[PDB]
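Input: a single structure, listed below in structure tokens.
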Amino acid sequence: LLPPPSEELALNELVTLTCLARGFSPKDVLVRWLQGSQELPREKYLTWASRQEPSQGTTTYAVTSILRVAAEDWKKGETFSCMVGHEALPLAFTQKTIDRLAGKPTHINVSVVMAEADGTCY
Amino acid sequence: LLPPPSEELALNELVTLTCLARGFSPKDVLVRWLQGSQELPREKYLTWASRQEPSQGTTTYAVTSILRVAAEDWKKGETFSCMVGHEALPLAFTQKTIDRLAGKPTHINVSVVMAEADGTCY
Amino acid sequence: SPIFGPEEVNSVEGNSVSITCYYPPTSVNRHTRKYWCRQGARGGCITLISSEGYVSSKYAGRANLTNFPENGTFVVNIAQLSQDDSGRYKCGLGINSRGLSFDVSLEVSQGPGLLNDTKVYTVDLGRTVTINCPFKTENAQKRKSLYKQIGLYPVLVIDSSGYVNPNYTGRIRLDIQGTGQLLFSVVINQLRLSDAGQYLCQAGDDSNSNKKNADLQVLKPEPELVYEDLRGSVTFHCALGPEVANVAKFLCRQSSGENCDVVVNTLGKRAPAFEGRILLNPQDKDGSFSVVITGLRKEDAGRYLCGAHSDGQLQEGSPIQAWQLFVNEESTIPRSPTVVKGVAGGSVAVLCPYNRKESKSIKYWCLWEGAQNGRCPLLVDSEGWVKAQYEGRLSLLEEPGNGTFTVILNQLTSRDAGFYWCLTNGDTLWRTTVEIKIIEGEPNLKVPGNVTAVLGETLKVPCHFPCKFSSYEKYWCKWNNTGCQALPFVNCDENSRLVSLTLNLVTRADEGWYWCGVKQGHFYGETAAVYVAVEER
Amino acid sequence: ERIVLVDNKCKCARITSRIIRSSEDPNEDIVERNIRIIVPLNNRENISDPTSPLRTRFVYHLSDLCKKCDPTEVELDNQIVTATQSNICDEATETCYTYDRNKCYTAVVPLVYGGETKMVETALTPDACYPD
Ligand SMILES: *[C@@H]1O[C@H](CO)[C@@H](O[C@@H]2O[C@H](CO)[C@@H](O[C@@H]3O[C@H](CO)[C@@H](O)[C@H](O)[C@@H]3O)[C@H](O)[C@H]2NC(C)=O)[C@H](O)[C@H]1NC(C)=O
Ligand SMILES: *[C@@H]1O[C@H](CO)[C@@H](O[C@@H]2O[C@H](CO)[C@@H](O)[C@H](O)[C@H]2NC(C)=O)[C@H](O)[C@H]1NC(C)=O
Ligand SMILES: *[C@@H]1O[C@H](CO)[C@@H](O)[C@H](O)[C@H]1NC(C)=O
Ligand SMILES: *[C@@H]1O[C@H](CO)[C@@H](O)[C@H](O)[C@H]1NC(C)=O
Ligand SMILES: *[C@@H]1O[C@H](CO)[C@@H](O)[C@H](O)[C@H]1NC(C)=O
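Shown next, in the form of structure tokens:
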């Protein structure tokens, strides 16, 4: 489950999320979305078919999906989830979750170099 | 172009601005003053003659000028400008400008805003 | 960062010096302020002499500074040097607190005083020298030893009867013109850096251990500064003496851990990274040659050495020259395609840029053979000479002009792949190179084979083009030694094909080559070609 | 401090980046990013003389500094096509905070010559304005 592009974030409109599943052996799969704990109805998102991918012998398949949410819900701190059902999973389902503070940096240094010390170089 | 002295601002009657030109090889020079973006008449300021300064190598010259303006216009925020024309300048004239916020400032306010430091720079 | 000069500078007291710094010749950089400043400790970088007329109090009467705008250089002279002038300095442009500078190091050594009881000889690294030693009229039947005070041991490793060191083997002799008079001598061939120091000569001994000194100085060569830019070219001039005109000479590049890496040899070596873009020329009567390197990348900068040996490698005891190269990279040379693709039967067209104010010159076009040394036979010039086997498929055009000319080569084959150079007769040459790769496919334009003609009647030849060329202009030519210019006889009838050609009486003056082409006004494009003979009946 | 991404001279901002293959945990490593802002304390808001007082507020949008809108050349099949490189360059119009060493900045001032007036032209940066 992938975070939105920053260009979309710096415009104050709807932002977009992407789900990806790959490497599964029969072409039968289910994708659902969630917001917090509420399942969103399936007229709010677009999901493609399930096609096979170029690989080395053992045939496998892939599928994508997207979902566009409002920037105030993202910036407040509401979380979202993509959920995938397959027959070869032992508990038959998988979840991923994303929000802000996902790829936030760990260190920030700020230096205010005053006057009488300006020593930059070309 | 030099700001007024500190002790002239208290008596609140008139102030004076100084314009110095330095280090030019022929002794011919012109000096003109502006208020805002309009030229002042020639009979309102005083310009001395060009004289030869002490030697640190090649012989060079210097000239001065002063202009006396009302102390209310300095505190409104009017700008004054000094123009010097010489044989060796590129477009035959150059200028400097000054007002109340630039020169003996007694206050430095600066606010720097950086928007998206972690933002996939491509 | 684009500023360059001599990194280290040495002299002695009382002598003068001359320092040169280089800058890009843009018009801001010619009119701005130049300065020489002494980067001391405790913060500042105080200026000593400037371009506007400032001379300091310590430099009064001793120095000046001259700006040469057409070179892009400025020189600093300093006379009457002392020992307090040793330190770190800086060239520069503009304001000191920015960084448009270059660091220079200057060391001044104490001279000679009241120890002048020796006769010194100076010599280049890898040459001959003599050490004269006056033989006298009684000390013949002793040993003619020669120490060298390694520490303070008297280290006799030379005797004048063959009792030599395995270190100093193969190059030491003596030759007799003594037997009573006051000289004999020893010639030392192929000196090293290791063979310096003080020599305590003798010739026999009368037993007071009476001493004679004769010291030598061996010096490593001073590099010449070369200043070039990105996508340009350089030439070195290797000018060793005529003594080694039958030896194999070479050119390495110094690396970090004392390692030359051979760029060219005379016995046929090359790096892989210089394929297509290097030349080596035959040497003159003085035994002096030149090495040309084009298409300068960023990593080409560094020290270079040219020398001579029997094998073609940097060995100790060989005479060398030196250079230091700087690639500017704030260049004004326009960028260009490096590779140009084509298919068999099709055409190519490459643009070759020169300098705009050198437009009154003659232009050339190479083919880099690269077999033995590196060699440019010409194929076509702007005078009106073409090669023999390139007849009917080569031309040089002066359009678009004003920075660029154009050369067209069609009827391609799989053996036309190679590296090609473009040359002028101007003052300073850029030499640009392009690689022609041959890929698979078929040509866009389509013409028939070679046509005949009956004894005097109308000919008609078609020439097709697809709808990607519908936006463009169509023309023909007849090829001669001075290029080609278009014809009035064409129809261009069909809206998306069939630009024709009509020759309504076949004379003998038409039996040549004809072209069919595409151009966007000034820029040229694809081309096909056919021949038209005339038979007997 | 190894590879330059942005070197902007209308705002005088420079962004570099470097993969620091750190010592501990030698199969993972960090990505460092350095930003340098030089702030002029005596420039105006518009670059003319009497505009407005000295600028006291400086704003930098990294989505605008990293922008790329000049057309490029791409070899797809056996062809040269021209493409754009950005989604947002619907348009100079940007405000500059500093000058630039390689460009002139001039002005126009009316002065009197006994009779009429003229339209005398004045250089604001004298090093870069020689006709050459
Ligand atoms: C920042 O300041 C500059 C300099 O003052 C402004 O540019 C100038 O704007 C004036 C007024 O729009 C222009 O004057 C016009 O001149 C033409 C004749 O050329 C005349 O037809 C008009 O009636 C008017 O008088 C001037 O050409 C123009 N450009 C210069 C001096 O190069 C600029 O608009 C200011 N920008 C901002 C964002 O404040
Ligand atoms: C470019 O630099 C060269 C140095 O190689 C200058 O040539 C010398 O110029 C001085 C004049 O100050 C002469 O006295 C010398 O005889 C010149 N030659 C040598 C070998 O030193 C040259 O002047 C510079 N270019 C221009 C246009 O001045
Ligand atoms: C001044 O420059 C000239 C170059 O014309 C040079 O010959 C002379 O030695 C310089 N004077 C000094 C170093 O005192
Ligand atoms: C040559 O090129 C320059 C720069 O592009 C241009 O200003 C000039 O007008 C050109 N000359 C001609 C004759 O086209
Ligand atoms: C074209 O055909 C003529 C017919 O004899 C021949 O002489 C000539 O060499 C041909 N040229 C090519 C390039 O095939």
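Protein chains in written order, with my numbering: chain S, 326 to 447; chain F, 326 to 447; chain A, 1245 to 1781; chain W, 7 to 138.
Where a beta carbon is used, it is the ideal one built from N, C-alpha and C, also for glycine.
Below-8 Å beta-carbon distance, residue i vs any chain S residue
i	result
F/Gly-428	no
F/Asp-443	yes
A/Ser-1245	yes
W/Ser-23	no
W/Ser-58	no
W/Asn-49	no
W/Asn-108	no
W/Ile-9	no
W/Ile-44	yes
Check: residue i C-beta below 7 Å from any heavy atom of ligand 2
i	result
A/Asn-1315	yes
A/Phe-1312	yes
Per-residue contacts from residue i into chain F (C-beta, under 7 Å)
i	result
A/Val-1299	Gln-381, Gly-382
S/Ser-331	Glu-441, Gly-444, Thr-445
Residue i CB to nearest heavy atom of ligand 3 below 7 Å
i	result
residue 1223 of chain A	Lying outside 1245 to 1781, the shown extent of chain A, residue 1223 of chain A is not represented and no answer is given.
A/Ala-1323	yes
A/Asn-1308	yes
Which residues DSSP lists as bridging residue i, in chain order
i	result
A/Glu-1613	According to DSSP, which records beta bridges pairwise, A/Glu-1613 is partnered with nothing at all.
A/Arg-1514	A/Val-1508
A/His-1553	A/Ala-1492
A/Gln-1461	A/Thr-1366
A/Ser-1294	A/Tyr-1279
Interface residues of chain S facing residue i [CB-CB closer than 8 Å]
i	result
A/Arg-1342	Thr-445, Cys-446, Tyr-447
W/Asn-93	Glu-332
Heavy atom of ligand 6 within 7 Å of residue i beta-carbon
i	result
A/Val-1583	Only ligand 1, ligand 2, ligand 3, ligand 4 and ligand 5 can be found as ligands here, which leaves ligand 6 out of the picture.
8 Å Cβ cutoff, residue i in contact with chain F
i	result
S/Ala-396	no
S/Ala-413	no
W/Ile-36	no
W/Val-80	no
W/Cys-135	yes
W/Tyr-119	no
W/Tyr-66	yes
Chain A residues whose Cβ lies nearer than 8 Å to that of residue i
i	result
F/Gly-348	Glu-1296, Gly-1297
F/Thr-385	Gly-1297
Contact set between residue i and chain W, taken where Cβ atoms lie within less than 9 Å
i	result
A/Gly-1614	Simply none; closest approach about 27 Å.
Residue i beta carbon near ligand 1 (any heavy atom closer than 7 Å)
i	result
W/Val-126	no
W/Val-114	yes
W/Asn-52	yes
Any C-beta of chain W under 8 Å from that of residue i
i	result
A/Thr-1366	no
F/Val-438	yes
F/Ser-390	no
A/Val-1272	yes
A/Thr-1276	yes
A/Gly-1288	no
Residue i beta carbon near ligand 5 (any heavy atom closer than 7 Å)
i	result
A/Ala-1777	yes
A/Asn-1654	no
A/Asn-1739	no
Under 7 Å by beta carbon: chain W residues contacting residue i
i	result
S/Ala-335	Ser-69
Residue i CB to nearest heavy atom of ligand 4 below 7 Å
i	result
A/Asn-1599	no
A/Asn-1646	yes
Residue i: contacting residues in chain A (beta-carbon distance under 7 Å)
i	result
W/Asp-83	Residues of chain A passing the Cβ test: none, with the nearest at roughly 10 Å.
Amino acids of chain F, ordered along the chain, whose beta-carbon sits closer than 9 Å to that of residue i
i	result
W/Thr-112	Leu-416
Under 8 Å by beta carbon: chain W residues contacting residue i
i	result
F/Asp-424	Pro-59
* To do: List in chain order: all unbroken beta strand (DSSP E) runs of 3+ residues lying wholly within the region 348-435 of chain F.
  => Listed in chain order, they are 355-360, 370-372, 386-395, 405-410, 418-423.
* Which ranges would you report for the beta strand (DSSP E) in the region 112-138 of chain W if only whole runs of at least 3 residues count? -> Restricting attention to beta strand (DSSP E) runs no shorter than 3 residues, the region 112-138 of chain W encloses them at 112-115, 126-129, ordered along the chain.
* Can you list, in chain order, the stretches of the beta strand (DSSP E) that have 3 or more residues and sit fully within the region 1622-1673 of chain A? -> The qualifying runs are 1638-1641, 1648-1653, 1662-1667.
* To do: Let me know the beta strand (DSSP E) ranges lying completely inside the region 1667-1717 of chain A, each 3 residues or longer, listed in chain order.
  => If you keep only unbroken beta strand (DSSP E) runs of at least 3 residues inside the region 1667-1717 of chain A, you get 1676-1683.
* Starting from the N-terminal side, write out each stretch of the beta strand (DSSP E) that is 3 residues or longer and does not extend beyond the region 1260-1284 of chain A. => With a minimum length of 3 residues, the continuous beta strand (DSSP E) runs that stay inside the region 1260-1284 of chain A are 1261-1266, 1279-1282.
* To do: Could you name each continuous beta strand (DSSP E) segment of 3 residues or more that falls completely within the region 1560-1620 of chain A, going from the start of the chain to the end?
  => If we require 3 residues or more, the beta strand (DSSP E) runs fully inside the region 1560-1620 of chain A come out as 1565-1571, 1583-1587, 1592-1597.
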